[PDB]
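One structure is given below, encoded as structure tokens.
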Protein chains: 6
Amino acid sequence: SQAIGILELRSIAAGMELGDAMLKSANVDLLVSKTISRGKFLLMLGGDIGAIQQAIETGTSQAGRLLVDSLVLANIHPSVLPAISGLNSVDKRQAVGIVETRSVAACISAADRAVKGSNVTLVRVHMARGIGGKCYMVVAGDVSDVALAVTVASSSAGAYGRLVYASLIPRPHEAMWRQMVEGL
Amino acid sequence: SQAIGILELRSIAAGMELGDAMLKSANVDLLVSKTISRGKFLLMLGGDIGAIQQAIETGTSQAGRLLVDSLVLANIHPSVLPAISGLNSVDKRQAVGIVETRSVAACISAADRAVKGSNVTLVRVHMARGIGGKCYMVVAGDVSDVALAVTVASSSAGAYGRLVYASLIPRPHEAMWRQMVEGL
Amino acid sequence: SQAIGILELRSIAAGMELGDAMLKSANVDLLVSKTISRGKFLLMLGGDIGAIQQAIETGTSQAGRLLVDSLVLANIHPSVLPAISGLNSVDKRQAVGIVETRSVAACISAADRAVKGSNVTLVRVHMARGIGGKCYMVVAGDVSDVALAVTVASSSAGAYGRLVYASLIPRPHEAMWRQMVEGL
Amino acid sequence: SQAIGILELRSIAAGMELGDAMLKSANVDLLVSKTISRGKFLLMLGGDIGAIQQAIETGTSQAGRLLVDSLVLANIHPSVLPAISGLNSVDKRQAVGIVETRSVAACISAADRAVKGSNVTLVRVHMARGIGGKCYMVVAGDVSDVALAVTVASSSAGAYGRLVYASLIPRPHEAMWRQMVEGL
Amino acid sequence: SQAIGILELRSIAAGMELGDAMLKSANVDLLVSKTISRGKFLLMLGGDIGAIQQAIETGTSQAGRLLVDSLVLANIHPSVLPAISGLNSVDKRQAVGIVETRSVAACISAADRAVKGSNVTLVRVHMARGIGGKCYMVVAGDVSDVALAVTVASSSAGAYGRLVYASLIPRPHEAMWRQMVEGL
Amino acid sequence: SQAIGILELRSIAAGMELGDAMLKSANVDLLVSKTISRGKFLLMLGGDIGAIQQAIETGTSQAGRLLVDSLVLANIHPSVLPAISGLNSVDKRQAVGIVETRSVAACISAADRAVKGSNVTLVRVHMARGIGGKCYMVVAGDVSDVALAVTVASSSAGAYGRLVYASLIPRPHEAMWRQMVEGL
């Protein structure tokens, strides 16, 4: 199915010459393109596995030694990709769970295995910064649906030692709701 | 409600003179008592918060230099106590969950935070070797309630970080099952 | 012919979620599964070279950081597999041979190089504690065939140097016998 | 009177070829033989001072580099030998005494200095793990004779300082009792 | 019941200004008042727990930084106190036991638990010097009475790691008698 | 029965003055007398235990500090001695086994116990150099006879930690034959 591509650079200008260059390389779509402290830059792609590799190989080779890190992920549930570049609309307020990971590489793995393993709506996959720091996912649904989403995430991230904490809020406060599902 | 008391001794003989002692001191129940490598000894007690606090107060005051450590845990779901000393009757085979911890202090606190929080039956709590070794609990029930129990147990054990791994098995094999709920 | 697969994990719970997993993954047989001090876990599998390679490929890819080590052994005399998991029926008392090794990887390779090479019946293969601890095999039969088996086992284990000692007992005492072929 | 012989080997297989050997060498009795962590092996023999000295002389000369250590103990109260290999029939429940030592060499010398010195029946001598690990004896009888046995055992073991702790329990609980005189 | 108070100073003159000052502070009684090598001084009190604390608090505060150590013990069998400042008269020559301890604090504990735990006559509690060196007790009575006195002392001192040796002489030589019970 | 005597010197001329001097000292026979790198010299004797000791004591005392090492072995099967100074004639081409040892002292022990323990013909006991380096034996006979010869050798050398490898060639190539039994 779909794929996630990531390209992290040490120069902000390069990430934009390499941002516009991967858009013309294949039919990939841009999800994240923001500066990271203190000087690094982040690019996140998605789409067909062919387009992604053809786009990530494109940027990596041109980046040369400006490239700080680049990864590509495959077999990603399509409902993960809009959780990266934005949110997903909640159907109705219900139970919530959050899984915090130690590296963004493990964060997408735990969500992919969480949507393909339950019925929750993956709300958003936000990162406090970078590609090696605190990243979290948010999921909502039944008290049971969320309960299964966390355990598969707590396993897929725990099996790689990149897990910080995972909690479940069955009755989330009206305030905390509009912060976990909407961010503010 | 109920309470757990634990006393660890540097001596096997010192544990037994104090073992019979706390039995007479009040109205507690003897839970665990066996050799801990390379020669430490472990005691566990389950009764009322009053009977446990005085019994443990009897042991820590007379253990002296042979006392390695002691701890008191209270407000415990009663079914935690028989899962410590023995097994709980598995009504019918269903889903199985196991949380593995590094500290039995964090194992019981995770086990207590499971039976209060879900409809699973706390099958057993085992300690492979030591009060700082690989302890783990087992819970069984519907795939829904088991996933919740594994998460509330991993939340309480993960906030203390003594969480090693926590997995859920919905469809356990015939060979696997008689080894999780019975041990052998 | 047949094949052996082995997966060692840093976690007891992680071994069991993966244990039930490789059972469903193909057509293998569960050989060994128990706690390894101070808290590692061991898995062994016996089936066909195809079913074992994919099952082990399922486990090493999902064990992650909890994976201590893994290994695949193939082209195995079938009677090695039951000597691993249990005992083989001693027809009549005769001579006894035992080769003791430091690595179970070298123990099975010595055990396989014994039953193919002599008419002895591979009684049992035991692992006192660990995949790097004192493992040993036992073979029985005529004093002639047993001496050959001890030598071909010590040749294959001595070229790897993980050979500790290998002795032959032609006239085993009544007390000795029920301890070598049965263990107790 | 009688005598005890002890031979400790670095190899499990080397212990068994030599085990059957000393059985044929004279008229001794096989007392103990089991795996000692992490892979040492232990042998104990009980017979006559003549049969034990030659049997041990047979083993130390042929053990070579695999020999960890050996020792001969003589002029032993006969009832020490069955307390080493097994248990002694507790006639009726009474007072219980236990002396815990660090060395089995000092444990037997304390146990021998107990049955000669009091009317207690030496219930059992156990070795939790190793010839340098937590060994201990158990004696039973009147509260009078048990206290004397614990003292003469602690005097002989305390002059060697390998004494860990020595306690007396006059009124042992029902749970405590079946664990001291039987072990479980 | 009664109490033991101890005050150890670094100045001999101060221990006598503070010796006469605690006599007028309450109704306490003086037991020991001798110089310790090389310059330290010892004061030992007894009587009601109120008088002792009121006397020991008196000396400690006035001693200031001349105070080397001060302790107070409670629930002391009254028959211990004359064994400190002197001896107790033997009713008839019989069995004897001696318990040597590593600190005077543990020496009074083992005797208190020895008289309150048997029927022996605590003869004397002498110290070779100081409050942190070799101190011993002497007890006499039946062969059984002494046997129980030693084991409770060997436990009360062993549980705190301040025990050196404990022996029992059932038939003490006529000479050694007038040295353990009378000192010379 | 017979005996083996060995005398290793640091001077080549001394080993020949001491070579001719032990021939006139008793009725001993000379087996080996060759230079060892880089300057050491080797003398090997045989015959009655009286003659050997009387010859080895003769050379050792005269050698003074030129003596690098000297040993004497007793109860040697007479068929070992011609395997040292030369070969033994093969009756018919059959199975072959070779045992390599880490010190010449263990090499003669494993052969002595090999001829006295089977029916093979000990072909030759050659050393690549010195008395502390790679020495091997060669034996021929049945596939079974050799199989027993190796295991007793692999034990007698393994029990002293001076064993390198031991193999068995049941169908030795026509070429390798004339190299293991004849040397070339």
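Convention: chains lettered A, B, ... in structure tokens order; per-chain residue numbering from 1; ligands numbered from 1 as shown.
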
Within 10 Å of chain D, which residues of chain F show up? Give each one with its shortest atom-to-atom distance in Å (one decimal) and the two atoms involved, counting only C-alpha atoms, rows by chain then rising residue number, as a Markdown table.
```
| residue | atom | partner | partner_atom | distance |
| --- | --- | --- | --- | --- |
| F:155 | CA | D:14 | CA | 8.9 |
| F:156 | CA | D:62 | CA | 8.0 |
| F:157 | CA | D:64 | CA | 9.3 |
| F:158 | CA | D:65 | CA | 8.3 |
| F:159 | CA | D:64 | CA | 5.1 |
| F:160 | CA | D:65 | CA | 4.8 |
| F:161 | CA | D:65 | CA | 6.0 |
| F:162 | CA | D:65 | CA | 9.3 |
```

Secondary structure check, strand (DSSP E) residues of region 127-167 of chain A, as a ChimeraX atom specification: /A:127,135-141,163-167

Selection to disk with N, CA and C atoms, as a compact mmCIF listing (two decimals), in the first residue's frame:
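The result, stored in again18.txt:
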```txt
# COMPACT_ATOMS: atom_id res chain seq x y z
N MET A 127 5.27 15.69 16.72
CA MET A 127 6.60 15.57 17.28
C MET A 127 6.99 16.87 17.95
N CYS A 135 8.24 12.04 20.28
CA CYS A 135 7.11 12.06 19.37
C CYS A 135 5.98 11.24 19.98
N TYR A 136 4.74 11.67 19.75
CA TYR A 136 3.59 10.98 20.29
C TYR A 136 2.52 10.81 19.22
N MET A 137 1.65 9.83 19.44
CA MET A 137 0.44 9.64 18.66
C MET A 137 -0.76 9.87 19.57
N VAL A 138 -1.90 10.14 18.95
CA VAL A 138 -3.17 10.25 19.67
C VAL A 138 -4.21 9.42 18.93
N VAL A 139 -4.99 8.65 19.68
CA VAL A 139 -6.05 7.82 19.13
C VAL A 139 -7.31 7.99 19.97
N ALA A 140 -8.47 7.84 19.33
CA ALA A 140 -9.75 7.96 20.01
C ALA A 140 -10.69 6.88 19.50
N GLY A 141 -11.69 6.57 20.30
CA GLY A 141 -12.68 5.56 19.99
C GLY A 141 -13.30 5.01 21.27
N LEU A 163 10.46 3.62 23.59
CA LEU A 163 9.17 3.92 24.20
C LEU A 163 9.38 4.65 25.53
N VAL A 164 8.59 5.70 25.76
CA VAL A 164 8.70 6.53 26.95
C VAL A 164 7.54 6.28 27.91
N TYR A 165 6.31 6.36 27.41
CA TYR A 165 5.12 6.14 28.22
C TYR A 165 3.91 5.99 27.30
N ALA A 166 2.88 5.33 27.83
CA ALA A 166 1.62 5.16 27.11
C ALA A 166 0.49 5.13 28.13
N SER A 167 -0.51 5.98 27.93
CA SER A 167 -1.60 6.14 28.87
C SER A 167 -2.93 6.07 28.13
```

If you run DSSP on this backbone, which residues of region 61-159 of chain B come out as alpha helix (DSSP H), and could you give them as a count of residues only? 38

Non-local contacts of residue 131 (chain F) (8 Å; only C-alpha atoms; under 6 positions in same chain excluded) as a ChimeraX atom specification: /F:8,103-105

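The coordinates place CA of residue 41 (chain A) at 14.3 Å from CA of residue 5 (chain A).
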
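Between residue 81 (chain B) and the candidates B:133, B:46, B:59, B:15, the tightest atom-to-atom separation, counting only C-alpha atoms, involves B:46.
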
Using only C-alpha atoms, which of A:56, A:84, A:176, A:49 sits nearest residue 23 (chain A)? A:56

Can you list, as a ChimeraX atom specification, every protein, DNA or RNA residue that comes within 8 Å of residue 129 (chain C) when you count only C-alpha atoms, leaving out same-chain residues fewer than 3 positions away? /C:36-37,132-135 /D:38-39

Go ahead and save the residues from that selection, with N, CA and C atoms, as a CSV table (one decimal), in the first residue's frame.
```csv
chain,number,residue,atom,x,y,z
C,36,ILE,N,15.8,-18.3,31.6
C,36,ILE,CA,17.3,-18.4,31.7
C,36,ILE,C,17.8,-17.3,32.6
C,37,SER,N,18.6,-17.6,33.6
C,37,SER,CA,19.1,-16.7,34.5
C,37,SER,C,19.9,-15.6,33.8
C,132,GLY,N,24.9,-20.4,26.9
C,132,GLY,CA,26.4,-20.3,27.0
C,132,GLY,C,26.8,-21.1,28.3
C,133,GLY,N,25.9,-21.9,28.9
C,133,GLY,CA,26.3,-22.6,30.1
C,133,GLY,C,26.5,-24.1,29.7
C,134,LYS,N,26.6,-24.9,30.8
C,134,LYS,CA,27.0,-26.3,30.6
C,134,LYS,C,25.9,-27.1,30.0
C,135,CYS,N,25.9,-27.3,28.7
C,135,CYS,CA,25.1,-28.2,28.0
C,135,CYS,C,25.8,-29.5,27.8
D,38,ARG,N,27.9,-22.1,38.1
D,38,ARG,CA,27.1,-22.0,36.8
D,38,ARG,C,27.2,-23.3,36.0
D,39,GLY,N,28.1,-24.1,36.4
D,39,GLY,CA,28.3,-25.4,35.7
D,39,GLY,C,29.2,-26.4,36.4
```
